[PDB]
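# Descriptive analysis of the structure
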Amino acid sequence: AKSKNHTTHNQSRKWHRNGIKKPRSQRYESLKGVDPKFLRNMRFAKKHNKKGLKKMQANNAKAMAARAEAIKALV
Amino acid sequence: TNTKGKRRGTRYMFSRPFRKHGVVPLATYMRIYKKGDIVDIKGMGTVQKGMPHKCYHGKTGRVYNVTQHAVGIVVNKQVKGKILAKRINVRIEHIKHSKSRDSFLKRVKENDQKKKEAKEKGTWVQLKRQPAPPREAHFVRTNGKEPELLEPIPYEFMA
Amino acid sequence: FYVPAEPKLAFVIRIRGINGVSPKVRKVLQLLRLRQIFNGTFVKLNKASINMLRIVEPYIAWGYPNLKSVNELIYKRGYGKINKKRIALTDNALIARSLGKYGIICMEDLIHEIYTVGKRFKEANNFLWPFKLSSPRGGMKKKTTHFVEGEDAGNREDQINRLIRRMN
Amino acid sequence: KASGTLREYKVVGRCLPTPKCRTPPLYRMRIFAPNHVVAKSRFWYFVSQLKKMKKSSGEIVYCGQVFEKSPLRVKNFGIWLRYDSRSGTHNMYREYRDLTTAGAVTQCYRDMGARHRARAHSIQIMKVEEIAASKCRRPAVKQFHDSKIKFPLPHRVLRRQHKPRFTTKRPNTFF
Amino acid sequence: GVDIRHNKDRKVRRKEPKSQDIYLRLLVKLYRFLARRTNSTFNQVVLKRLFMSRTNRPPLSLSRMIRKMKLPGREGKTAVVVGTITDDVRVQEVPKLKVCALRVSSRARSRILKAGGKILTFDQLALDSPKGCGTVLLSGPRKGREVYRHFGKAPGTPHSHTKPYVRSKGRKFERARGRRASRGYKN
RNA sequence: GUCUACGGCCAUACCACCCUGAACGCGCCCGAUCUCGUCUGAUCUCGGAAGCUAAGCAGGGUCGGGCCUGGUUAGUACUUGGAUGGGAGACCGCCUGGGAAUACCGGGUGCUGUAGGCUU
RNA sequence: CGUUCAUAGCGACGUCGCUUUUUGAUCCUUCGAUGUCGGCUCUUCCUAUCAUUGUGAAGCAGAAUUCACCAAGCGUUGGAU
RNA sequence: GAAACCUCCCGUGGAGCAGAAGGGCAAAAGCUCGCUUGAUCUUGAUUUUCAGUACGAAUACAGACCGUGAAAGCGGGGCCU
RNA sequence: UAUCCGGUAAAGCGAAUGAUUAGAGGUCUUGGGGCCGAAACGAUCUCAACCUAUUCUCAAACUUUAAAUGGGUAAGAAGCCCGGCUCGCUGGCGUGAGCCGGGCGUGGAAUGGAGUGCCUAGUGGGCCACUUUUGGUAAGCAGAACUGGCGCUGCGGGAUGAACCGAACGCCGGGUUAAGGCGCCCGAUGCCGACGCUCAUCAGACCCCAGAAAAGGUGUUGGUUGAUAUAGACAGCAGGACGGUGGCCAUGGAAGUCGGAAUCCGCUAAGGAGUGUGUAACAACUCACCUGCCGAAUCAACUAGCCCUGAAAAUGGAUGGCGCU
RNA sequence: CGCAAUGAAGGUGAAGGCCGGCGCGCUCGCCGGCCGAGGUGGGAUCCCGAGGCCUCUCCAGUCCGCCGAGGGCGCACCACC
Ligand SMILES: [Mg+2]
Ligand SMILES: [Mg+2]
Ligand SMILES: [Mg+2]
Ligand SMILES: [Mg+2]
Ligand SMILES: [Mg+2]
Ligand SMILES: [Mg+2]
Ligand SMILES: [Mg+2]
Ligand SMILES: [Mg+2]
Ligand SMILES: [Mg+2]
Ligand SMILES: [Mg+2]
Ligand SMILES: [Mg+2]
Ligand SMILES: [Mg+2]
Ligand SMILES: [Mg+2]
Ligand SMILES: [Mg+2]
Ligand SMILES: [Mg+2]
Ligand SMILES: [Mg+2]
Ligand SMILES: [Mg+2]
Ligand SMILES: [Mg+2]
Ligand SMILES: [Mg+2]
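cryo-EM is the method the PDB entry lists for this structure, together with a resolution of 4.2 Å.

Shown next, in the form of structure tokens:
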């Protein structure tokens, strides 16, 4: 009593009932499996972003004032 | 039932082409992949360290990691019913920049040129592409000489 | 010689049924909205579109409709897609309500958009629900073989208009 | 190809121009077919064989029906063939006697089906040339070349066998 | 013969609430009407939520309702919750709020009213604002239920953190072959 | 025009034999005290500068081989899709689109980056 | 080969078939059972004709004969192991 | 002496690289020397079989402590299967 | 529309690997056997392997080439373009990454509402067809690929029928079709249907399909190629068929004649050093070139249509039946 | 049962920020004040709203809408840090 041994006959059909969906792409994928030495350093960089805040805020206010002067000169 | 061995059936795939054996010429090594570079994988026989598996040869995907002398590269591999985006660590020698994306960037650059200009002019320009339309109305001058008649030729047995 | 323009637009009739049909064909046939047998659609031609018709050749009869064909199809069997309900174009208040944002405000405008293949063709053509035509009066020649070789399938260019009259 | 009664068509076409070949040469044919649709197809088949030239690579310039210029003359037509047997492919020279080329080629297609069970798609017509009383090689044609032709219609079998399906009179076939 | 799959032709969303209780069903009669006759989509959202299950309308804690109204700008408003308002013993100072709820627990009721808070029923909200104008529509955390900790990529499937259904935790209930490296392997 | 040093692409750059090379280079070349290394100062290392383009090297040449690139081969071989087409089968023809490979015959025979010479 | 002569009768090396009275393949049917060899007895069919009727062939003088055709009407026995 | 050792020329690998075969390999991945223990200690990630579980086998890193080389580097076993 | 991947079909072997035919050329090597040589790369052949151009024919586990069908990516707001901050990484300065803050909108065709999570049954014997395909002489055999069937499924056609073709079913009226048909059975040709072919003492008569081949036939019908003939042929009857010559090899006899190398001249009008018969061997007979008569076409070799031979099974029998020219 | 885990166990056990000061601001240690469950992207929904759009006249002009370009708070939920 020998069987059928293997096949792939009805399988494509079976797969395509429910699509063959592409793998759901997000923005902001994880940093799992990224070269450790990198990840330390981007972690440290992220740690000290709040250091150098007061400088950054002022720079944007100076930029915003320069934009407001430019738009007044245009109008 | 076939053997599950890693390199089964790559007699031809991983085999340097005709009269291109020997030293892996150096541009190959010394060109830079960043994150998110579109990259097509193509295994190579000379370099056996960091070889991709025979399933990812031909396949294109994006770079996610870059180590000292290899590049982590997300590629989509189908499995019966489900496409699995998965991340593989190929050594540079088995990898090129895929040009597929550059022709796109060329077009967007050309669009940004054609958007900046034609704004002060006022005349809006076709930025979208369009498929090859039917080939328009036109005259054909049979200049002096008439058409050439083509009789089909009588059969004969050559061999 | 005056080689006139290659045609812009073609009517495409599904001339065989819905059993035992390959998956690539079947998909294209439901990208032309040709689900039932003897449904038809207008179709603007171009390298992309024409090749999609090439992949469904022995499943369709098609070609280049007359002016009269576009009228007869639209007036006798012109049905809007209006909130996804196939609704018969009994008045222009229907066409306008839907296509009036394109300058198309009446049956006549619609016919001109379909026949000249205007800017707004995609939107006027999709608005039209696919044409449920009857069986071909006087019969066909042969369903299964190409026009060129005696049958009905494939591109018959001018002669799609005869078929239209015997089905519409 | 199939049939009905054919029409001579003139079909001229060209491999469409390029940068390298700016004004390409026109090629004309004599393509017998039931309609222009299959005419043009038939044009492309013959050209493909002869010239590196496909329907994609070319444009048909002028397809046009061609009318017999002497319909109400009776003519003799020589026609050269190229058929396919069950076995090998062959050549012939048939001769027909007709009022037209179209009629004479149509006549051929029926004969070939009869005499050689050859179907349309197997047959290639190369040349069809009208011909004198002489230069007629077939005696089936030659017997009608005669001034005072004279024959009866001897055993004139009836049709209208079902106007009177039943009747008293046994029929008549002498006239 | 036509080719469509009739497979997902029937949408499975609820229409009415599955409950038979009469007071909720009156709210439904009211909000059906408002839903259909107002342009407010607030009414539609509220209406939709009246049909949902207990599970599906989780309790909104007082502290969660505080902090969501603490947010900048939604001040002098009314918070709405188709679920219930519960207490937080781990919050102390309760601002004076405006609230709608199908239920508010007896503690949560006291605390709010002691603050000078107003509590509203949903019939009252409609008369107060039939188009949902000036409302904060909140919800309880849907994925609070301990249930969800068993859902997902199964336990013993690498990089899953999915609670297994186990009779009792302890030294010798699971945590052998397939969690330790020492014992076979680990995921 | 051209070279040297480090090159990229790796024969349009290879091989064979033949001819010609101003100047600067590059070489061959002359030595072994020292450095270094050999059975051997041949190679390797080192100190030179009397000779010479003989050779390497460059540039050219050959109805040259080779390679590169077109034609032809051929709409041929093959081939996607089609038919209640043929044929006893083997196989073949048509429709619908796609379409090669030798032999054979042409043409070509390194391009170029950085840094520094020479022809002032 | 047949003295001689490819073909009266034969027929190598090759080749194309039919047949299911051989044996294999195969396992479709039957395992809530289709009684498993031979002989006896009896009927009927087939022809791929041994005899018998009518005929063509011969390397048919006669006699004896093999080769072929129409053809299955009628036959095809008694014993020893 | 067809074969010992030496020497000149040609030699795209037609040899060799433990083993089957396939791939790969020439101022090497072959042979011959010199020095060696990266076949050591330790986290995770990934690939391959895959259910996308294990085992084995492998890939890229990262942290130690070394080796070797003028150095750039290479090396956590065996060119790869 | 761009862009990568490929080593199957084909093709190739005067390109590698392996196979393999033939002659040219070559003392390459050298031989083993010869013949003429004492012996001699001397002369002459020869066969061995090797080589110089060529040449015949091949490959699932060969290949320089190399398709069709095929598999990735990409075709924008998660995108571009500016400004500035963070780093223990990297570093002559710079990288590279991560952060803030602004500035810009449809970016190929066609279609369609999407996403997402929980519980979950049955199933885990399959089979059939196109095409591809391995084992086997083959199988209604066994085994894969690809799609579509049947299984789960009725209906029109295929007489009959899982699976062929057409088409997929709520319950009904009118219309129209498909695939199939239209002598009668049986709805429709009871058309003045069109043109041919074919007579069978075994006719033939429609996918799957239920049946025949090699090889034959002046049966009849078409082709193809060559002839021929007024220097009046072609058949049909009538007249000669020789000599140089027992030609030479072969004697066992071949003066034309078991066989074979030859194989020309004369007379010529013309006869082969002979088609056969037959002879021990001759003889004798028989088989061109030309006339006489008769009076226009004649004849050969292929080829493909129908028909026929090839063609034998057991209850009486099946183009479905009746029948049909 | 639930409101706390994690470790084999001895056991341990879910806060952070900011500001000012004092220790050398040493991306470490100690003393005063303020906020108090972080942030990115998307998010039904609310909120603000330039501006229309008319009114039987030319303007003034509060009331009512309808839409609303643009801009905000952002539930749940998801992905990331
Ligand atoms: Mg099984
Ligand atoms: Mg079919
Ligand atoms: Mg259903
Ligand atoms: Mg020296
Ligand atoms: Mg020199
Ligand atoms: Mg020289
Ligand atoms: Mg050359
Ligand atoms: Mg004999
Ligand atoms: Mg049996
Ligand atoms: Mg019984
Ligand atoms: Mg018999
Ligand atoms: Mg080694
Ligand atoms: Mg290390
Ligand atoms: Mg292969
Ligand atoms: Mg092949
Ligand atoms: Mg079972
Ligand atoms: Mg079986
Ligand atoms: Mg079953
Ligand atoms: Mg079907």
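## Things to note about the layout of surface pockets
The calculated volume of the largest pocket comes to roughly 1500 Å³. Along the walls of the largest pocket sit 39 residues, with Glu 6, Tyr 64, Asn 155 and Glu 157 of chain C together with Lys 55 of chain D positioned nearest its centre. Those elements that place two or more of their residues in the lining of the largest pocket are strand 1 (2-3) and helix 2 (47-55) of chain C together with helix 1 (36-50) and strand 3 (58-65) of chain D. Residues that form the lining of the largest pocket fall into these classes: 21 nonpolar, eight polar and 10 charged. Space inside the second largest pocket adds up to approximately 1300 Å³. As for the second largest pocket, its lining consists of 34 residues, and the residues nearest its centre are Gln 130 of chain B together with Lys 44, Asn 46, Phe 121 and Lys 122 of chain C. Elements supplying a minimum of two residues to the lining of the second largest pocket: strand 3 (39-44), helix 2 and helix 6 (121-127) of chain C. Residue classes in the lining of the second largest pocket are distributed as 15 nonpolar, eight polar and 11 charged.

## Observations concerning the interface of chain B and chain D
You'll often see interface size given as the accessible area lost when the parts meet. Facing the 14 residues of chain B at the interface are 24 residues of chain D. Note on chain B versus chain D: buried area summed over both sides is about 1900 Å², and carbon and sulfur give 59% of it. Considering only the surface of chain B that becomes buried against chain D, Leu 150, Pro 152 and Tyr 155 of chain B emerge as the three largest contributors, covering 34% of it. In this assembly, chain B and chain D are joined by one salt bridge. In this assembly, chain B and chain D are joined by six residue pairs in polar contact. Residues of the side of chain B that touches chain D, tallied by class, amount to eight nonpolar, two polar and four charged.

## Notes on the protein's contact with RNA strand J
Taken together, 36 residues surround RNA strand J, and among them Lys 50 of chain A together with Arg 64, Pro 72, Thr 135 and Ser 139 of chain E come closest. Near the protein, within 4 Å, the atoms of RNA strand J are sugar or phosphate in 85% of cases. Within the backbone of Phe 42 of chain E, a nitrogen or oxygen atom sits 2.9 Å from a phosphate oxygen of RNA strand J. Side-chain polar atom of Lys 68 of chain E to a phosphate oxygen of RNA strand J: 3.3 Å apart, as the coordinates give it. Of all the secondary structure elements, the ones that give two or more residues to the surface near RNA strand J are helix 2 (41-50), helix 3 (62-70) and strand 5 (135-137) of chain E.

## Considerations on the interface of chain E and chain C
Every contact between the two is made by four residues of chain E and, on the other side, six residues of chain C. Between chain E and chain C, a total of about 450 Å² is buried, with carbon and sulfur atoms accounting for 51% of that surface. Sorting the residues of chain E by area buried against chain C places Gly 1, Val 2 and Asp 3 of chain E first, and these three jointly supply 95% of that buried surface. On the surface where chain E and chain C come into contact, there are zero salt bridges. For the pair chain E and chain C, the interface holds one residue pair in polar contact. Of the residues assigned to the side of chain E that touches chain C, the class counts are two nonpolar, one polar and one charged.

## Brief notes about unusual backbone geometry
Generally, phi is negative for residues other than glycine and the peptide bonds are trans, each holding for most cases. For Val 117 of chain C, which is not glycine, the phi dihedral falls at a positive 55°. Mapped onto the elements of the fold, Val 117 of chain C is located in the loop between helix 5 (107-116) and helix 6.

## Description of the sheet that holds strand 4 (residues 75-80) of chain D
Where strands meet in a sheet, backbone hydrogen bonds hold them as pairs that are either parallel or antiparallel. All names here are of chain D. The sheet built from three strands is open, its strands ordered 5-4-6 with antiparallel pairing. Every other strand in the sheet has two partners, leaving strand 5 (93-98) and strand 6 (128-131) as the edge strands with one partner each. This sheet shows a mean twist of 30° between the axes of neighbouring strands, independent of strand direction. Relative to strand 6, strand 4 is paired through four bridges, and the arrangement is antiparallel. Opposite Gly 78, over in strand 6, you have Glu 129 as the bridge partner.

## Points about a positive patch on the surface
Where like charges cluster on the molecular surface, the positive patch consists of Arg 13, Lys 14 and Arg 17 of chain A, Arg 26 of chain C together with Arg 5 and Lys 8 of chain E. In terms of residue count, the dominant contributor to the positive patch is helix 1 (residues 11-17) of chain A (three residues). Residue placement: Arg 17 of chain A occurs in helix 1.

Rules of the game
Residues numbered from 1 in each chain as written, not as in the entry; some residues may be left out. Chains lettered and ligands numbered in written order. Part of a larger assembly, values for the part shown. Heavy atoms only, no water. Residues with missing side-chain atoms left out of burial classes, pairs and counts. 1 Å grid on protein atoms, 1.4 Å probe; cavity = no way out; pocket = protein on both sides within 12 Å on 5 of 7 lines; lining within 4 Å. Points joined across faces, edges and corners; volume = space filled by probe spheres on them. Helix = DSSP H or I, 4+ residues; strand = E, 2+ residues; numbered from the N terminus. Nonpolar A, V, L, I, M, F, W, Y, C, P; charged D, E, K, R; others polar. Contact = heavy atoms within 4.5 Å. Buried area = accessible area lost by both parts, 1.4 Å probe. Salt bridge = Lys/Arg side-chain N within 4 Å of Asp/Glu carboxyl O. Polar contact = N/O pair within 3.5 Å; in protein donor to acceptor, adjacent residues only side chain to side chain. Near = heavy atom within 4 Å. Pairing = 2+ DSSP bridges. Axes fitted to C-alpha atoms, helices over the stretch in contact; angles between N-to-C directions. Patch = residues over 30% accessible without salt bridge, like charges linked within 9 Å, V, L, I, M, F, W, Y side chains within 5 Å. Areas by Shrake-Rupley, 256 points an atom, 1.4 Å probe, with all protein chains shown as cover. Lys, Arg positive; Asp, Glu negative; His and termini not counted. Charge placed at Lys NZ, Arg CZ, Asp CG, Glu CD.

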